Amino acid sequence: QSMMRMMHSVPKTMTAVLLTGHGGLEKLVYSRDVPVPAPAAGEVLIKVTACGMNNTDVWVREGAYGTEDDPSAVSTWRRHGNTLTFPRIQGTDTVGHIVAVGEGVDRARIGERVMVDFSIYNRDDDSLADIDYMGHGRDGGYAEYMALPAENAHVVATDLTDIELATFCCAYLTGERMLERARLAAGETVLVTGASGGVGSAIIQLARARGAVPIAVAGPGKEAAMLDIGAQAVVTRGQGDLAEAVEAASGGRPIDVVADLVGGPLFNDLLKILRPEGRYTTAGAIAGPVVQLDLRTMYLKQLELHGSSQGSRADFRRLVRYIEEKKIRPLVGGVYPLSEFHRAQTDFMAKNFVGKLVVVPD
């Protein structure tokens, strides 16, 4: 109810799931007396109400990004500026309520429901060369409270639940950038692999949002779900030749863009399917990331391959705008209490669900 009580209900210690080093789930410790951060100059402090799970959670913990010299070495994604320090609270897709504010900040902001932009840009221009993110370079949302810069706490003009709002920021920002890098236009066709996953699903929605035609490549039993989120046609990964199946599901239209989230043994086939002068784009490869590329296929077909992470401020604004105009919708695949993080991430890794899993403090 009251704003004053809220301001003074903020405890000195809190509950949080801590990442304590690289390795397996046992490296994630549920702790009961972690210092509540104090908002520095230009920061707010939010009471976390929801936080959405992403692949980067898992890969950062495993150290599964490899290095340029050794693709199987353990490393965080930030290969050249390691800002990961242990213990670290992970969690990128944070929603909460501002309960405290730091030095330069308007005290009128207290009480606001905010969606966190997880991005640390590290530049004033629109370059993505030095990016980092909350949950990697700085503590994230798998805790009861989180500090973050005021500019990053967005008030969204929407009637959605805190949980619903927590589904968007990492995967949909990443989705948008991919679609922007590939220059996907109204009326074009995008083939989306890993379509039932975080980014996959988002791209299907974001494709629709900009007037494009998505065709999902989905696991067995996930077809009807892909249709539900706006896919034009679905191709089941299991059986058949992919190229034939894509041909039939497309009804003949050539594939302008491939959005790949799987990679691995699928990669070469996607380059085969892609129309000449077509564009390939990726921000993750779950199957995975080291592929055999026949340069000749790339240049005889006049192809572009694009790799992309996260997104720009303008991309984020557009995402906020999409949420507000309801051009995309939240996909809640399940909800887990913070106290049951191990169960949450096990379920997360299995991927026997659609859309996104959300972690709530308790």
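We number the residues from 1 along the sequence you see.
Higher mean CA temperature factor, per the PDB entry, when comparing 243 to 251 with 258 to 266: 243 to 251. As the entry records it, the average C-alpha temperature factor is higher for 214 to 222, out of 214 to 222 and 282 to 290. The PDB entry assigns the greatest CA B-factor among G198, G175, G102, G141 to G102.
Taking the PDB entry at face value, the top CA B factor among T297, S31, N55, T49 belongs to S31. Ranked within its chain, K327 lands in the highest third, by CA B factor from the PDB record. Among all modelled residues in its chain, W77 ranks in the highest third by Cα B-factor. In this PDB entry, the Cα temperature factor of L357 sits in the middle third of its chain's modelled residues. Ranked within its chain, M134 lands in the middle third, by CA B factor from the PDB record. Per the PDB record, residue ranking by Cα B-factor puts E304 in the lowest third of the chain.
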